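The next block is model33.cif, given as mmCIF, C-alpha atoms and all ligand atoms.
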```cif
data_entry
#
loop_
_atom_site.label_atom_id
_atom_site.label_comp_id
_atom_site.auth_asym_id
_atom_site.auth_seq_id
_atom_site.Cartn_x
_atom_site.Cartn_y
_atom_site.Cartn_z
CA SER A 39 74.89 -18.07 34.57
CA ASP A 40 74.01 -21.26 32.87
CA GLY A 41 70.46 -19.90 32.61
CA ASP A 42 71.80 -17.01 30.45
CA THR A 43 73.80 -19.41 28.30
CA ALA A 44 70.83 -21.68 27.82
CA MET A 45 68.40 -18.88 26.94
CA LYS A 46 70.83 -17.28 24.45
CA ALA A 47 71.40 -20.62 22.79
CA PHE A 48 67.69 -21.30 22.67
CA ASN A 49 67.13 -17.99 20.87
CA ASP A 50 70.08 -18.56 18.53
CA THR A 51 68.66 -21.92 17.46
CA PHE A 52 64.92 -21.32 17.48
CA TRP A 53 64.01 -17.60 17.52
CA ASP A 54 62.84 -16.01 14.23
CA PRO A 55 63.35 -12.24 14.61
CA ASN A 56 61.49 -11.53 11.33
CA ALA A 57 58.31 -13.42 12.20
CA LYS A 58 58.79 -12.62 15.92
CA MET A 59 57.92 -16.25 16.65
CA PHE A 60 59.85 -19.37 17.56
CA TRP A 61 60.51 -22.04 14.97
CA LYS A 62 59.07 -25.47 15.78
CA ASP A 63 62.45 -27.09 15.21
CA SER A 64 66.06 -26.38 14.23
CA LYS A 65 65.28 -26.84 10.51
CA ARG A 66 63.46 -23.49 10.66
CA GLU A 67 60.55 -24.65 8.44
CA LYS A 68 57.31 -24.13 10.41
CA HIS A 69 56.75 -21.96 13.46
CA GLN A 70 55.67 -23.23 16.86
CA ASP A 71 52.07 -24.25 17.61
CA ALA A 72 50.00 -21.39 19.10
CA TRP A 73 49.49 -22.76 22.63
CA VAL A 74 53.11 -23.84 22.96
CA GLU A 75 54.15 -20.39 21.80
CA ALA A 76 52.41 -18.96 24.93
CA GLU A 77 54.57 -21.24 27.02
CA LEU A 78 57.74 -20.10 25.24
CA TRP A 79 56.50 -16.51 25.87
CA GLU A 80 56.44 -17.34 29.58
CA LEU A 81 59.95 -18.85 29.27
CA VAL A 82 61.19 -15.52 27.90
CA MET A 83 59.55 -13.81 30.89
CA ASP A 84 61.11 -16.26 33.36
CA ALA A 85 64.60 -15.73 31.85
CA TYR A 86 64.03 -11.98 31.90
CA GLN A 87 63.33 -12.20 35.63
CA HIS A 88 66.26 -14.55 36.29
CA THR A 89 69.16 -12.85 34.44
CA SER A 90 71.63 -10.10 35.46
CA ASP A 91 73.36 -9.74 32.07
CA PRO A 92 72.33 -6.22 31.08
CA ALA A 93 72.55 -6.84 27.34
CA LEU A 94 70.46 -10.03 27.82
CA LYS A 95 67.95 -8.48 30.20
CA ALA A 96 67.30 -5.62 27.70
CA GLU A 97 66.92 -8.06 24.84
CA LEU A 98 64.49 -10.27 26.80
CA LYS A 99 62.31 -7.38 27.83
CA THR A 100 62.01 -6.36 24.16
CA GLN A 101 61.29 -9.98 23.25
CA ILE A 102 58.33 -10.09 25.63
CA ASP A 103 56.53 -7.52 23.46
CA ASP A 104 57.82 -8.99 20.21
CA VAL A 105 56.45 -12.48 20.90
CA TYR A 106 52.99 -10.98 21.42
CA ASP A 107 53.28 -8.92 18.24
CA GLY A 108 54.40 -11.93 16.17
CA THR A 109 51.53 -14.03 17.47
CA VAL A 110 48.86 -11.35 16.95
CA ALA A 111 50.24 -10.75 13.40
CA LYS A 112 49.61 -14.42 12.56
CA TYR A 113 46.46 -15.17 14.58
CA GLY A 114 44.89 -11.80 15.34
CA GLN A 115 44.17 -10.08 18.64
CA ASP A 116 40.76 -11.63 19.35
CA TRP A 117 41.10 -15.25 20.20
CA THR A 118 37.43 -15.87 21.15
CA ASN A 119 36.74 -17.67 17.91
CA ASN A 120 39.46 -20.25 18.55
CA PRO A 121 37.61 -23.55 19.31
CA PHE A 122 40.22 -24.66 21.89
CA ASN A 123 39.50 -23.13 25.28
CA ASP A 124 42.94 -24.21 26.50
CA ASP A 125 44.76 -22.31 23.69
CA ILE A 126 42.75 -19.22 24.68
CA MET A 127 43.54 -19.64 28.39
CA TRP A 128 47.26 -20.26 27.94
CA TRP A 129 47.44 -16.96 26.07
CA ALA A 130 45.26 -15.23 28.67
CA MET A 131 47.62 -16.36 31.40
CA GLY A 132 50.67 -15.27 29.41
CA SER A 133 49.06 -11.86 28.80
CA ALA A 134 48.37 -11.40 32.52
CA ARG A 135 52.04 -12.01 33.24
CA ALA A 136 53.06 -9.66 30.45
CA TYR A 137 50.89 -6.99 32.11
CA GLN A 138 52.63 -7.50 35.43
CA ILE A 139 56.01 -7.06 33.80
CA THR A 140 55.32 -4.25 31.32
CA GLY A 141 52.31 -2.30 32.61
CA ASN A 142 50.95 -2.10 29.07
CA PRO A 143 47.13 -2.01 29.22
CA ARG A 144 46.83 -4.04 26.00
CA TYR A 145 47.93 -7.08 28.06
CA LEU A 146 45.39 -6.52 30.82
CA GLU A 147 42.66 -6.26 28.21
CA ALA A 148 43.92 -9.41 26.43
CA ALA A 149 44.09 -11.34 29.73
CA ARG A 150 40.81 -10.18 31.16
CA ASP A 151 38.72 -10.39 27.98
CA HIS A 152 39.91 -13.89 27.13
CA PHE A 153 39.66 -15.20 30.71
CA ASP A 154 36.18 -13.75 30.97
CA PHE A 155 35.09 -15.32 27.66
CA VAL A 156 36.19 -18.78 28.78
CA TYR A 157 35.11 -18.65 32.43
CA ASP A 158 31.83 -16.83 31.84
CA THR A 159 30.66 -18.95 28.92
CA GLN A 160 32.47 -22.31 29.19
CA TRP A 161 32.11 -23.05 32.92
CA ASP A 162 29.28 -25.52 33.23
CA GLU A 163 27.48 -27.34 36.01
CA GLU A 164 25.33 -29.71 33.91
CA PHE A 165 28.25 -32.12 33.53
CA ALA A 166 30.61 -33.17 36.38
CA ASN A 167 29.04 -30.61 38.76
CA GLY A 168 31.32 -27.84 37.50
CA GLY A 169 34.42 -27.34 35.38
CA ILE A 170 35.37 -25.70 32.12
CA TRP A 171 34.98 -27.51 28.79
CA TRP A 172 38.14 -28.31 26.79
CA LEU A 173 36.53 -26.94 23.58
CA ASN A 174 33.94 -24.34 22.78
CA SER A 175 32.99 -25.97 19.46
CA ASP A 176 31.89 -29.26 21.04
CA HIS A 177 31.19 -30.01 24.73
CA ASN A 178 32.50 -33.52 25.36
CA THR A 179 35.30 -33.33 27.98
CA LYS A 180 36.57 -31.20 30.86
CA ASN A 181 40.30 -31.26 31.21
CA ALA A 182 43.09 -30.44 33.66
CA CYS A 183 44.86 -28.53 30.87
CA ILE A 184 42.11 -25.91 30.74
CA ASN A 185 40.94 -25.94 34.37
CA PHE A 186 44.15 -25.53 36.29
CA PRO A 187 45.56 -22.91 33.89
CA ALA A 188 42.25 -21.06 34.26
CA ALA A 189 42.68 -21.03 38.05
CA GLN A 190 46.24 -19.70 37.53
CA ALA A 191 45.02 -17.01 35.16
CA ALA A 192 42.34 -15.98 37.64
CA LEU A 193 44.98 -15.72 40.41
CA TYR A 194 47.16 -13.47 38.24
CA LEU A 195 44.11 -11.32 37.45
CA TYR A 196 43.32 -11.14 41.17
CA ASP A 197 46.82 -9.90 41.97
CA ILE A 198 46.60 -7.34 39.14
CA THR A 199 43.13 -6.01 39.81
CA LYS A 200 42.54 -6.71 43.52
CA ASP A 201 39.02 -7.74 42.42
CA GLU A 202 37.72 -10.57 44.59
CA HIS A 203 35.68 -11.85 41.63
CA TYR A 204 38.95 -13.38 40.30
CA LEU A 205 39.89 -14.95 43.62
CA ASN A 206 36.37 -16.37 43.85
CA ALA A 207 36.76 -17.82 40.34
CA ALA A 208 40.17 -19.29 41.10
CA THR A 209 38.84 -20.88 44.27
CA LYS A 210 35.77 -22.35 42.53
CA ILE A 211 37.77 -23.75 39.64
CA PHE A 212 40.52 -25.23 41.79
CA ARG A 213 38.22 -26.82 44.34
CA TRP A 214 36.21 -28.46 41.52
CA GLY A 215 39.42 -29.68 39.92
CA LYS A 216 40.75 -31.12 43.16
CA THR A 217 37.49 -33.05 43.66
CA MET A 218 36.85 -34.21 40.09
CA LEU A 219 40.30 -34.30 38.52
CA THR A 220 42.54 -35.72 41.21
CA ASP A 221 42.70 -38.79 43.41
CA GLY A 222 42.73 -36.59 46.53
CA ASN A 223 46.38 -37.45 47.11
CA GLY A 224 48.16 -35.39 44.53
CA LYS A 225 47.65 -37.37 41.28
CA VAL A 226 46.10 -35.09 38.68
CA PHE A 227 43.80 -36.77 36.14
CA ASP A 228 43.95 -35.73 32.48
CA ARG A 229 40.23 -35.21 32.04
CA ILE A 230 36.68 -36.42 32.49
CA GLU A 231 34.69 -37.38 29.38
CA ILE A 232 30.89 -37.37 29.01
CA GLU A 233 30.93 -40.73 27.20
CA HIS A 234 33.86 -42.47 28.88
CA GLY A 235 34.19 -41.12 32.45
CA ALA A 236 37.47 -40.24 34.11
CA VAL A 237 40.79 -40.66 32.41
CA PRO A 238 43.28 -40.79 35.33
CA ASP A 239 46.46 -40.51 33.26
CA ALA A 240 48.87 -38.08 34.94
CA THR A 241 51.44 -35.91 33.15
CA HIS A 242 54.03 -33.30 33.94
CA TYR A 243 52.19 -30.23 32.77
CA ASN A 244 48.99 -31.05 34.64
CA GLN A 245 50.92 -31.74 37.86
CA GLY A 246 52.58 -28.36 37.17
CA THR A 247 49.54 -26.17 36.72
CA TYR A 248 47.80 -27.88 39.68
CA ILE A 249 50.89 -27.11 41.83
CA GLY A 250 51.09 -23.54 40.57
CA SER A 251 47.39 -22.86 41.18
CA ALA A 252 47.61 -24.49 44.64
CA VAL A 253 50.64 -22.37 45.62
CA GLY A 254 48.96 -19.25 44.32
CA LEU A 255 45.71 -20.00 46.19
CA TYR A 256 47.72 -20.64 49.38
CA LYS A 257 49.28 -17.18 49.09
CA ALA A 258 45.99 -15.45 48.20
CA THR A 259 43.78 -17.10 50.83
CA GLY A 260 46.15 -18.02 53.62
CA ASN A 261 44.68 -21.54 53.69
CA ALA A 262 47.57 -23.93 54.20
CA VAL A 263 45.55 -26.87 52.89
CA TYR A 264 46.44 -25.50 49.43
CA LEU A 265 50.13 -25.71 50.18
CA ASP A 266 49.61 -29.28 51.35
CA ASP A 267 47.81 -30.00 48.06
CA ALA A 268 50.84 -28.67 46.19
CA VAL A 269 53.27 -30.77 48.24
CA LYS A 270 51.21 -33.93 47.65
CA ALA A 271 51.24 -33.25 43.87
CA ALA A 272 54.99 -32.63 43.91
CA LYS A 273 55.54 -35.87 45.82
CA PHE A 274 53.42 -37.69 43.25
CA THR A 275 55.53 -36.22 40.47
CA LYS A 276 58.84 -37.12 42.09
CA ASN A 277 57.68 -40.65 42.99
CA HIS A 278 55.70 -41.59 39.87
CA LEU A 279 56.55 -39.46 36.83
CA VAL A 280 60.27 -40.30 36.79
CA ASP A 281 62.50 -43.06 35.39
CA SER A 282 64.31 -45.68 37.48
CA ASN A 283 67.04 -43.13 38.33
CA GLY A 284 64.63 -40.41 39.49
CA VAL A 285 64.99 -38.28 36.32
CA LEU A 286 61.75 -36.78 35.08
CA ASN A 287 60.21 -38.86 32.30
CA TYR A 288 60.47 -38.02 28.64
CA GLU A 289 56.84 -37.88 27.58
CA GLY A 290 57.11 -38.03 23.78
CA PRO A 291 56.11 -38.84 21.19
CA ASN A 292 52.87 -36.93 21.87
CA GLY A 293 53.73 -33.43 20.65
CA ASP A 294 51.86 -31.57 23.38
CA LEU A 295 53.54 -33.60 26.14
CA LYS A 296 57.12 -33.67 24.83
CA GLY A 297 57.90 -30.27 26.32
CA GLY A 298 55.64 -30.52 29.38
CA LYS A 299 58.61 -30.51 31.75
CA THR A 300 58.83 -26.79 30.86
CA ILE A 301 55.50 -26.07 32.54
CA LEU A 302 56.26 -28.45 35.39
CA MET A 303 59.61 -26.84 36.18
CA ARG A 304 58.15 -23.33 36.05
CA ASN A 305 55.65 -24.32 38.74
CA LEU A 306 57.94 -26.47 40.85
CA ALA A 307 60.10 -23.35 41.22
CA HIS A 308 57.13 -21.57 42.85
CA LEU A 309 56.69 -24.39 45.34
CA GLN A 310 60.46 -24.56 46.01
CA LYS A 311 60.65 -20.82 46.78
CA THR A 312 57.54 -20.93 49.01
CA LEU A 313 58.90 -23.86 51.05
CA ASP A 314 62.32 -22.19 51.39
CA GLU A 315 60.69 -19.00 52.62
CA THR A 316 58.09 -20.41 54.98
CA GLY A 317 60.24 -23.21 56.42
CA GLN A 318 57.24 -25.48 56.06
CA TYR A 319 57.67 -29.22 55.25
CA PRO A 320 61.38 -29.13 56.00
CA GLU A 321 62.10 -32.87 55.41
CA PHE A 322 60.34 -32.82 52.08
CA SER A 323 61.86 -29.44 51.20
CA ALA A 324 65.36 -30.81 51.54
CA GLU A 325 64.53 -33.98 49.53
CA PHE A 326 62.73 -31.85 46.89
CA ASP A 327 65.68 -29.40 46.59
CA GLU A 328 68.08 -32.30 46.12
CA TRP A 329 65.84 -34.03 43.50
CA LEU A 330 65.38 -30.72 41.58
CA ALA A 331 69.11 -30.06 41.56
CA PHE A 332 69.83 -33.60 40.37
CA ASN A 333 67.34 -33.23 37.55
CA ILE A 334 68.75 -29.85 36.49
CA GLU A 335 72.35 -31.17 36.50
CA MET A 336 71.27 -34.19 34.44
CA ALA A 337 69.49 -31.87 31.96
CA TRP A 338 72.46 -29.50 31.56
CA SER A 339 74.86 -32.47 31.23
CA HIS A 340 72.80 -33.53 28.21
CA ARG A 341 73.55 -30.37 26.21
CA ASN A 342 75.02 -30.52 22.75
CA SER A 343 77.92 -28.36 21.55
CA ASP A 344 75.48 -25.54 20.78
CA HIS A 345 74.25 -25.54 24.42
CA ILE A 346 70.86 -26.98 23.49
CA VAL A 347 69.33 -29.83 25.57
CA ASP A 348 66.83 -32.26 23.89
CA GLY A 349 63.90 -33.26 26.07
CA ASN A 350 65.18 -36.81 26.69
CA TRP A 351 67.32 -35.67 29.57
CA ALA A 352 68.36 -39.21 30.52
CA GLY A 353 69.41 -40.35 27.07
CA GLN A 354 72.30 -40.42 24.66
CA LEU A 355 73.41 -37.19 23.09
CA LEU A 356 71.72 -37.11 19.68
CA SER A 357 72.55 -35.14 16.56
CA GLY A 358 70.16 -33.94 13.88
CA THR A 359 66.96 -31.98 14.38
CA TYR A 360 66.13 -30.48 17.81
CA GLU A 361 62.62 -29.25 18.65
CA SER A 362 61.90 -25.99 20.48
CA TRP A 363 59.20 -27.32 22.80
CA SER A 364 61.22 -30.36 23.90
CA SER A 365 64.35 -28.22 24.28
CA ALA A 366 62.62 -25.48 26.27
CA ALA A 367 62.44 -27.57 29.46
CA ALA A 368 66.15 -27.37 30.28
CA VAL A 369 66.17 -23.64 29.62
CA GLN A 370 63.27 -23.27 32.01
CA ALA A 371 64.99 -25.44 34.65
CA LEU A 372 68.08 -23.21 34.55
CA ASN A 373 66.02 -19.99 34.83
CA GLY A 374 64.34 -20.93 38.08
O1 LIG B 1 48.43 -39.17 29.43
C1 LIG B 1 47.47 -38.14 29.27
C2 LIG B 1 47.03 -38.02 27.80
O2 LIG B 1 48.18 -37.73 27.02
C3 LIG B 1 47.96 -37.55 25.55
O3 LIG B 1 47.08 -36.46 25.43
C4 LIG B 1 47.81 -35.17 25.60
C5 LIG B 1 46.77 -34.05 25.67
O4 LIG B 1 45.95 -34.13 24.49
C6 LIG B 1 44.92 -33.10 24.44
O5 LIG B 1 45.48 -31.83 24.28
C7 LIG B 1 43.98 -33.20 25.64
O6 LIG B 1 43.27 -34.44 25.64
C8 LIG B 1 44.84 -33.01 26.87
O7 LIG B 1 43.98 -33.15 28.03
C9 LIG B 1 45.90 -34.11 26.89
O8 LIG B 1 46.77 -33.98 28.04
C10 LIG B 1 47.24 -38.76 24.98
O9 LIG B 1 48.14 -39.83 25.07
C11 LIG B 1 46.01 -39.11 25.87
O10 LIG B 1 45.41 -40.41 25.44
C12 LIG B 1 46.38 -39.33 27.31
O11 LIG B 1 45.14 -39.48 28.07
#
```

Could you render the structure as structure tokens?
Amino acid sequence: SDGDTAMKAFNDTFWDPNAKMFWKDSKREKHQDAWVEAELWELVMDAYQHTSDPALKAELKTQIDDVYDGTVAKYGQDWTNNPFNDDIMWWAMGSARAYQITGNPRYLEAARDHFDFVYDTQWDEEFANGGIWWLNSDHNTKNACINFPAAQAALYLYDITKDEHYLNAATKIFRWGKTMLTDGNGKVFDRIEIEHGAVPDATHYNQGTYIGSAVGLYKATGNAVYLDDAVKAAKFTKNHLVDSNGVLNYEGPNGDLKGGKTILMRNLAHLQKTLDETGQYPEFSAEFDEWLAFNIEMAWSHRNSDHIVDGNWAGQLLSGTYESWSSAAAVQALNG
């Protein structure tokens, strides 16, 4: 499949098998930022689940453990001293998924201990009536990029453990986020600041983790309002975070946002599968399938001769240095 081709090319260009980490770009000079590396860990998992090539499937399963080992070799196993609660939570969520795939208890301990550190100590009701702080070093802002991933991590921990504590946490976090970090109609705000108030700037990755948490809560609770919340956020994405031709925006130059389509596509795939299975929202489901397919074909059409796709899916084929986070989005799109 094209998903196999894309993942193999991505590894050929960006994987460092000695450091067991991805390079930040094709010059192979610095390795990827820690939080982004968790998202590339999840890409490896998603390709592992997608492929049928037995040589590839075996390699990807090995790579799931290697990415963790390379990251712990550089950063250590205990992430509770990292001042960024989002970095901690992205790794907690990745570790929960790694537990589901491998059954290795080290991943359950990594997921649960880091989720518990953030939720138990960084959830606060003094500001904004709830929500998790972005940082643990300073308490100034509460952000979509910690809160919705935390709800996702809690849902994975609920599935793993069957402990209602994690469903209760997911529900509490999501409901707060819907109230304080969205417009009620699917637009996810970046954050709320103590000194400046709301910052209602929407981006791909925050639409994505909101959609993923909403789909997961729908499945865990049976409450279809959560599926509606996901549909409204997908409609917002398709109507407002695209160029004049309907292709998902390129969000650079901000380095965190450049590859955000990766997280968005991962979560849109969850919504797509749930709509296909339930037969709910059939008019939107057909429009959504068509728009996703269009976007994926545009992305793949933008590949270079090495089968790598830069994050500016709509643009001219460039030469020179490619970046692993920007380039991950197409790989993700083809492994959904
Ligand atoms: O358009 C949303 C924001 O996009 C950029 O910030 C990216 C991320 O930076 C930090 O990791 C956190 O503040 C995250 O919440 C944020 O998404 C900047 O352009 C910012 O000014 C925009 O508000």

Given 9 Å and only C-alpha atoms and all ligand atoms, residues near ligand LIG 1 (chain B) as a ChimeraX atom specification: /A:124,172,179-184,227-229,237-241,243-244,289,291-295

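If you count all atoms listed in the file and ignore residues fewer than 2 places along the chain from range 266-277 of chain A, what sits within 8 Å of it is residues 223, 224, 225, 226, 242, 245, 248, 249, 250, 252, 253, 262, 263, 264, 279, 280, 284, 286, 306, 309 and 329 of chain A.
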
Produce a file of the selected residues containing C-alpha atoms, as a JSON list (two decimals), in the coordinates of the input.
```
[["chain", "number", "residue", "atom", "x", "y", "z"],
["A", 223, "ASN", "CA", 46.38, -37.45, 47.11],
["A", 224, "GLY", "CA", 48.16, -35.39, 44.53],
["A", 225, "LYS", "CA", 47.65, -37.37, 41.28],
["A", 226, "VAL", "CA", 46.10, -35.09, 38.68],
["A", 242, "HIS", "CA", 54.03, -33.30, 33.94],
["A", 245, "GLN", "CA", 50.92, -31.74, 37.86],
["A", 248, "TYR", "CA", 47.80, -27.88, 39.68],
["A", 249, "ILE", "CA", 50.89, -27.11, 41.83],
["A", 250, "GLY", "CA", 51.09, -23.54, 40.57],
["A", 252, "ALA", "CA", 47.61, -24.49, 44.64],
["A", 253, "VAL", "CA", 50.64, -22.37, 45.62],
["A", 262, "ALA", "CA", 47.57, -23.93, 54.20],
["A", 263, "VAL", "CA", 45.55, -26.87, 52.89],
["A", 264, "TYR", "CA", 46.44, -25.50, 49.43],
["A", 279, "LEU", "CA", 56.55, -39.46, 36.83],
["A", 280, "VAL", "CA", 60.27, -40.30, 36.79],
["A", 284, "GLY", "CA", 64.63, -40.41, 39.49],
["A", 286, "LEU", "CA", 61.75, -36.78, 35.08],
["A", 306, "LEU", "CA", 57.94, -26.47, 40.85],
["A", 309, "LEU", "CA", 56.69, -24.39, 45.34],
["A", 329, "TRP", "CA", 65.84, -34.03, 43.50]]
```

Could you jot down the CA of residue 305 in chain A to CA of residue 282 in chain A separation for me, Å, one decimal place?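 Computing the Euclidean distance for CA of residue 305 in chain A and CA of residue 282 in chain A yields 23.1 Å.
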
I want to know what sits within 9 Å of residue 363 in chain A, based on all atoms listed in the file, with residues of the same chain fewer than 4 positions away left out; could you give that as a ChimeraX atom specification? /A:62-63,70,74-75,77-78,293-294,296-298,300,349,367

Interatomic distance (Å, one decimal) between CA of residue 109 in chain A and CA of residue 58 in chain A: 7.6 Å
